[PDB]
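**Student:**
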Amino acid sequence: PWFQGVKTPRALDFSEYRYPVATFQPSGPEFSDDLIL
Amino acid sequence: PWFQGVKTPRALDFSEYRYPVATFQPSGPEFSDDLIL
Amino acid sequence: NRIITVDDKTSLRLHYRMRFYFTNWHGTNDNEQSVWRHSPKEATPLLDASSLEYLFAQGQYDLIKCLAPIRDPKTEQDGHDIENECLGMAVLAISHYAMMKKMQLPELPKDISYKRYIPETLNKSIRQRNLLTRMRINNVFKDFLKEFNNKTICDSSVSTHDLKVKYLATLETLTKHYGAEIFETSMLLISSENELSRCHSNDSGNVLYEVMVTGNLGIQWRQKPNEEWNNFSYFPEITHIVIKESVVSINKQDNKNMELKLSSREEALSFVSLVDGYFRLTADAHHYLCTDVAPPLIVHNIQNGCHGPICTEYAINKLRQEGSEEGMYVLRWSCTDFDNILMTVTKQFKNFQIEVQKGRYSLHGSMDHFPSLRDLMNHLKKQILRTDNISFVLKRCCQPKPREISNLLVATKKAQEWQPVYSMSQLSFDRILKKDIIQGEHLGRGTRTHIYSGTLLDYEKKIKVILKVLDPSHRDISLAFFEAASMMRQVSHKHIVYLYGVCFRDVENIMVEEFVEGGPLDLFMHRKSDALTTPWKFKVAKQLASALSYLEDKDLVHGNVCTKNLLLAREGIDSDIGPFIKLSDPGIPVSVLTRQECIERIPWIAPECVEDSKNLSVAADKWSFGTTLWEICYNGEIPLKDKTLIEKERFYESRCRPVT
Amino acid sequence: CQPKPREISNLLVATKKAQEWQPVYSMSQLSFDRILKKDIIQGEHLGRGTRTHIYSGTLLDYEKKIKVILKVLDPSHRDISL
Ligand SMILES: Nc1ncnc2c1ncn2[C@@H]1O[C@H](CO)[C@@H](O)[C@H]1O
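So this is what it looks like as structure tokens:
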């Protein structure tokens with residue numbers, strides 16, 4: 255029965271691609287010095 | 255080559271049906287008699 | 092309107108075909124919106152039952168005779184799949200023939216062969232292949248027929264009507280660009296006349312282009328490949375078409391233009407007829423675009439006033455709107471007979498049948514006849530009619546209206562967006578803060594209105618505008634002011650001035666408008682009286698006509714179409730560049746004017762508005778445009794001057810022609 | 543500084559269903575419905591508000615003969631019509 259039918263899976267093709275977000279770029283300075291009145 | 259593949263035509267199924275308009279129903283009276291002043 | 096002559100020597104063979112087509116008329120394909128005729132207040148099917156049979160035969164002949172092109176494959180798999188689907192289509196057709204013949208497949212297998220049911224090229228291609236493939240495809244065809252003819256018919260209970268729609272739907276997608284016509288030309292010009300632009304687009308290259316017209320998309324064009363189409367316009371957007379020898383020109387409402395050349399005059403007429411036919415099906419059924427291809431029947435209807443094969447309910451509904459007074463009547467062609475006209479007269494609604502034969506008109510039940518329908522109506526006018534216990538006299542006829550909705554028109558998704566919006570009682574406008582305007586010097590006085598120069602800030614910056622202020626002593630008509638401001642907000646045309654909004658400041662109300670530095674057209678015509686030339690005048694008239702047409706399409710009313718309300722944006726006297734004009738705001742409506750002030754507007758104001766102010770409608774503009782045309786040709790001379798008010802009233806009263 | 547209710551940011555996720563719940567922009571549009579002077583009937587006095595007078599009344603042909619409340623701006627304070 256099934257030997258008479260050969261067909262490639264419909265989900266094995268690809269088109270139009272996709273993409274996630276990569277990451278956030280770390281950055282932070284610091285120049286904190288305190289004084290009291 | 256083609257002897258290894260048997261598939262029914264995709265267009266041979268039917269679903270949801272269709273319908274045209276039938277016709278208009280004829281009707282018309284007449285009671286015309288004229289007079290002159 | 093082409094005339095065919097027979098002189099005992101000519102011999103020719105023609106075909107009677109269905110030309111106009113809308114894709115996806117059937118609802119089977121759910122991926123796109125369907126199409127349907129309008130109905131009086145489900146959707147009416149587009150096609151009659153009888154026409155479907157002839158359309159089916161036409162499609163079958165087109166497919167079998169290879170007149171239509173079959174789609175080319177994109178690989179081997181679909182290259183075999185298309186042949187498989189064609190074999191399935193042949194199965195469907197032969198099954199339909201067998202069922203309509205009222206006999207089963209085993210009853211008449213003598214004439215069965217799939218060769219007569221495929222395009223000739225595909226038959227030729229198969230003939231060149233091996234015999235084993237022929238035997239196998241014969242077996243597959245026979246097995247498919249045996250399965251469908253016994254299992255499917257009981258599984259789905261498909262009738263004779265059921266298979267035709269499936270056949271047509273399958274042919275719609277199996278065929279390349281089905282239901283469309285494509286033309287080829289070597290020259291193509293596209294023009295636009297934006298302010299100070301006059302952009303002559305395109306180039307003088309030797310490349311070739313193609314133009315395609317279809318029902319659901321309109322007009323599209325592109326360069327022939329050695361690319362996606364770009365849209366030009368849809369049918370309701372066109373205004374008129376003109377033929378210059380063998381060069382066809384198309385003109386739109388926004389003054390854009392298209393011009394192209396074809397092989398000969400016959401090709402030009404063939405091209406124009408398609409667009410003219412589509413316009414009637416989609417836009418208006420009581421109009422024709424080009425004088426050279428007008429069908430005689432539409433011309434006769436326009437001359438006499440008969441409607442098309444409209445439904446009875448619409449005719450009944452129309453009479454109700456006119457007060458249903460005794461003596462009013464409507465004419466319309468019978469929905470079944472090619473020679474009868476249903477005079478519906480009015492409460493009671495009596496019908497009458499007029500028989501038309503070989504150009505002779507006569508009322509049914511009488512022996513006297515007349516050579517013209519108008520003559521028959523005129524004779525029938527003065528008699529008194531008798532029916533049952535009631536007698537009445539006809540007084541006046543009803544006429545069609547522009548873009549009147551009816552079952553003649555066909556609704557489509559693209560045309561759906563062109564429908565007018567409902568603003569029955571909404572008043573809406575934009576507020577401008579009192580801190581953004583600066584008042585300038587006095588400029589003059591209008592009709593109960595004062596005008597000042599001014600500047601608007603922070604909208613660029615420091616832009617110059619015109620400020621119109623209602624008079625302090627006439628605040629009772631503030632509703633009219635708001636109505637005019639609301640009306641001016643909805644329009645967007647290149648020949649109408651732009652309205653920024655309304656500013657509230659204490660008790661005052663101010664309208665802020667664009668500034669045009671050329672001044673009124675009247676004074677310019679007064680000063681340059683000797684230098685004016687005929688093409689200048691025709692160019693001036695064309696733009697005003699286009700603007701008024703745009704206002705008509707949206708069912709708005711402008712009551713002061715005159716020379717004083719025409720502003721010059723560019724003189725154009727010096728060189729080849731033409732003049733450019735803009736139309737001002739409506740101003741104070743006539744509805745708030747006294748009896749005397751209505752007289753002084755003769756002959757600009759329509760007579761029915763003088764009779765009763767409530768009768769104002771869109772038709773009043775066509776009188777003022779006619780008066781303005783006379784005003785233009787005589788260098789702004791005052792029409793009907795030196796006449797007193799009583800003489801002016803007598804002019805309207807006696808139905809005399811005012812100007813010639 | 544403090545957050546605000548329904549403050550838009552990258553934390554929120556946009557969807558088709560939630561798209562319809564977004565507020566509409568009416569920055570400077572003033573819109574209202576007009577009622578013709580022939581459809582209202584003025585009644586008796588009911589009292590006075592803040593620079594406003596109130597009367598009973600009836601609206602016709604909107613059913614028919616429906617009872618409503620009419621609020622009228624004071625004649626001496628028309629400057630605040632905005
Ligand atoms: N709508 C308008 N646009 C531009 N100028 C206008 C307008 N109405 C009146 N004017 C100006 O008013 C003067 C004549 O009343 C001219 O300077 C003219 O330009």
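Chains as they are written, first to last, in PDB author numbering: chain D, 255 to 291; chain C, 255 to 291; chain A, 92 to 132, 145 to 329, 361 to 480, 492 to 604, 613 to 813; chain B, 543 to 604, 613 to 632. Yeah, the Cβ is synthetic: ideal placement off N, Cα and C, and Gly gets one too.
1) Please name the residue, chosen from A:465, A:633, A:280, that lies closest to residue 594 of chain A on a Cα-to-Cα basis.
2) Which whole-angstrom value describes the C-beta separation of residue 166 of chain A and residue 248 of chain A, a residue pair presumed to lie in contact below a C-beta threshold of 8 angstroms?
3) Taking 6 angstroms as the cut-off, is the C-beta of residue 619 of chain A nearer than that to any heavy atom in ligand 1?
4) Check whether chain B comes within 7 angstroms of residue 634 of chain A, counting only Cβ atoms and requiring the distance to be less than that.
5) Report the three-state DSSP secondary structure of residue 722 of chain A (helix, strand or coil).
6) Quick one: does the C-beta of residue 281 of chain C sit closer than 6 angstroms to a heavy atom of ligand 1?
7) What runs of the beta strand (DSSP E), each 3 residues or longer, lie entirely inside the stretch 253-301 of chain A?
8) In terms of residues, what are the limits of the beta strand (DSSP E) holding residue 395 of chain A?
9) Among A:312, A:195, A:371, which one has its Cα closest to the Cα of residue 329 of chain A?
10) Taking only three categories from DSSP, how would you classify residue 137 of chain A?
11) Suppose the cutoff is 8 angstroms on Cβ atoms and the five residues either side in sequence are ignored; what does the same chain contact list for residue 192 of chain A look like?
12) Residue 656 of chain A and residue 582 of chain A - do their beta-carbons sit closer together than 7 angstroms?
13) Using 7 angstroms as the limit for Cβ to Cβ distance, is residue 539 of chain A near chain C?
14) Let me know the secondary structure DSSP gives residue 566 of chain B once reduced to three states.
15) Keeping to the same chain, check which residues put their C-beta closer than 7 angstroms to that of residue 573 of chain A; ignore five residues upstream and five downstream.
16) Does residue 288 of chain C come out as helix, strand or coil in the three-state DSSP assignment?
17) Looking at the unbroken beta strand (DSSP E) that takes in residue 575 of chain A, where does it start and where does it end?
18) Using a Cβ-Cβ distance under 7 angstroms, would residue 153 of chain A count as near chain B?
19) Determine which residues share a DSSP beta bridge with residue 502 of chain A and list them.
20) Applying the criterion that 16 or more other CB atoms from any shown protein chain within 10 Å of the CB defines a buried residue, is residue 480 of chain A buried or exposed?
21) How about residue 589 of chain A: is its Cβ closer than 6 angstroms to a heavy atom in ligand 1?
22) Is it buried or exposed for residue 556 of chain B, if we count other Cβ within 10 angstroms and need 16 for buried?
23) Does the Cβ-Cβ distance between residue 144 of chain A and residue 295 of chain A come in under 7 angstroms?
24) Could you tell me how far apart the beta carbons of residue 692 of chain A and residue 654 of chain A are, in whole angstroms, since I believe they sit closer than 8 angstroms?
25) Spell out whether any CB of chain B is found under 7 angstroms from the CB atom of residue 576 of chain A.
26) Could you tell me which residues DSSP pairs with residue 556 of chain A in its beta bridges?
27) Run the CB neighbour count on residue 302 of chain A, radius 10 Å, all protein chains shown included, and call it buried at 16 or more, exposed below.
28) With H, G and I counted as helix, E and B as strand and the rest as coil, what does DSSP make of residue 520 of chain A?
29) For residue 595 of chain A, which of helix, strand or coil comes out of DSSP?
30) What residue does the beta strand (DSSP E) around residue 365 of chain A start on, and which one ends it?
31) So, is the C-beta of residue 259 of chain A closer than 7 angstroms to a C-beta in chain C?
32) So, are the CB atoms of residue 793 of chain A and residue 756 of chain A less than 7 angstroms apart?
33) Which residues, taken in chain order from the stretch 560-585 of chain A, show a beta carbon closer than 7 angstroms to some beta carbon of chain B?
34) At least one CB of chain C closer than 7 angstroms to the CB of residue 534 of chain A: is that the case?
35) Please classify residue 711 of chain A as buried or exposed, where buried requires at least 16 other C-beta atoms within 10 Å of its C-beta.
36) At a threshold of 6 angstroms, does residue 672 of chain A count as lining ligand 1 (C-beta to nearest heavy atom)?
**Tutor:** Taking the definition as stated:
1) In the third sequence, counting from the first residue as 1, residue 594 of chain A sits at position 449. Selected option, being the one with the closest Cα: A:633.
2) On the third sequence, position 63 is the one that residue 166 of chain A refers to. On the third sequence, position 145 is the one that residue 248 of chain A refers to. With a Cβ gap of about 18 angstroms, residue 166 of chain A and residue 248 of chain A do not count as contacting.
3) To locate residue 619 of chain A, count along the third sequence from 1; it is residue 466. Under cutoff, so the answer is yes.
4) Numbered from its first residue, the third sequence carries residue 634 of chain A at position 481. No, residue 634 of chain A lies away from the interface with chain B (no Cβ there is under 7 angstroms from its Cβ).
5) Sequence index remark: in the third sequence, residue 722 of chain A carries index 569 (1-based). It is a strand residue.
6) Here the question's residue 281 of chain C lines up with position 27 in the second sequence. No - ligand 1 has no heavy atom lying nearer than 6 angstroms to the Cβ of residue 281 of chain C.
7) 284-288, 291-294
8) Looking up residue 395 of chain A in the third sequence gives position 261. Here the beta strand (DSSP E) through residue 395 of chain A covers 391-395.
9) One-based indexing of the third sequence puts residue 329 of chain A at position 226. Residue A:312 is the option with its Cα nearest to residue 329 of chain A.
10) The structure shown gives no position for residue 137 of chain A: in chain A, residue numbering passes from 132 to 145 with nothing in between.
11) In the third sequence, counting from the first residue as 1, residue 192 of chain A sits at position 89. Result list for residue 192 of chain A: 166, 220, 270, 273, 274, 277, in chain order.
12) Counted from its first residue, the third sequence places residue 582 of chain A at position 437. Counted from its first residue, the third sequence places residue 656 of chain A at position 503. Yes, the pair counts as a contact, with Cβ atoms nearer than the cut-off.
13) Numbered from 1 along the third sequence, position 394 holds the residue referred to as residue 539 of chain A. No, residue 539 of chain A lies away from the interface with chain C (no Cβ there is under 7 angstroms from its Cβ).
14) Residue 566 of chain B sits at position 24 when you count from the first residue of the fourth sequence. If DSSP states are grouped into helix, strand and coil, residue 566 of chain B belongs with coil.
15) In the third sequence, the residue the question calls residue 573 of chain A occupies position 428. Here the set comprises 639, 642.
16) To locate residue 288 of chain C, count along the second sequence from 1; it is residue 34. Correct three-state label for residue 288 of chain C: strand.
17) As a position in the third sequence, residue 575 of chain A is number 430, starting the count at 1. 571-577 is the span of the beta strand (DSSP E), which, as asked, contains residue 575 of chain A.
18) As a first step, residue 153 of chain A is located in the third sequence; it is residue number 50 there, counting from the start. Residue 153 of chain A does not count as touching chain B.
19) By one-based count along the third sequence, residue 502 of chain A stands at place 357. In the DSSP output, where bridge partners are listed per residue, residue 502 of chain A has A:505.
20) Sequence index remark: in the third sequence, residue 480 of chain A carries index 346 (1-based). Answer is buried; the Cβ neighbour count reaches 16.
21) One-based indexing of the third sequence puts residue 589 of chain A at position 444. Because some heavy atom of ligand 1 lies under 6 angstroms away, the Cβ of residue 589 of chain A counts as near it: yes.
22) Residue numbering aside, residue 556 of chain B sits at position 14 when the fourth sequence is read from its first letter. Flag for residue 556 of chain B reads exposed.
23) The model contains no atoms for residue 144 of chain A, which sits in the stretch where chain A goes from 132 to 145 directly.
24) Residue numbering aside, residue 692 of chain A sits at position 539 when the third sequence is read from its first letter. Residue numbering aside, residue 654 of chain A sits at position 501 when the third sequence is read from its first letter. Not really, about 32 angstroms apart at Cβ, beyond 8 angstroms.
25) As a working mapping, residue 576 of chain A is identified with position 431 in the third sequence. So yes, residue 576 of chain A belongs to the interface.
26) Here residue 556 of chain A corresponds to residue number 411 of the third sequence, with the count starting at 1. According to DSSP, residue 556 of chain A bridges with A:127.
27) Locating residue 302 of chain A in the third sequence gives position 199, where the first residue counts as 1. Result: exposed.
28) The sequence position of residue 520 of chain A within the third sequence is 375, counting from 1. In this structure, residue 520 of chain A counts as helix in the three-state DSSP scheme.
29) The residue given as residue 595 of chain A occupies position 450 in the third sequence. DSSP places residue 595 of chain A in strand when its eight states are reduced to three.
30) Position 231 of the third sequence, counted from the first residue, corresponds to residue 365 of chain A. Run containing residue 365 of chain A: 364-367, per the beta strand (DSSP E) assignment.
31) Position 156 of the third sequence, counting from 1, holds the residue named residue 259 of chain A. Yes, residue 259 of chain A lies at the interface with chain C (some Cβ there is under 7 angstroms from its Cβ).
32) Translated into positions along the third sequence, residue 793 of chain A becomes position 640. Translated into positions along the third sequence, residue 756 of chain A becomes position 603. Yes, these two residues count as a Cβ contact at 7 angstroms.
33) 570, 571, 572, 573, 574, 575, 576
34) As a first step, residue 534 of chain A is located in the third sequence; it is residue number 389 there, counting from the start. For residue 534 of chain A, the answer is no, since every Cβ of chain C falls outside 7 angstroms of its Cβ.
35) Within the third sequence, numbered from 1, the residue matching residue 711 of chain A stands at position 558. When all chains shown are included, residue 711 of chain A counts as buried.
36) Your numbering for residue 672 of chain A matches position 519 in the third sequence. Result yes, Cβ under 6 angstroms from ligand 1.
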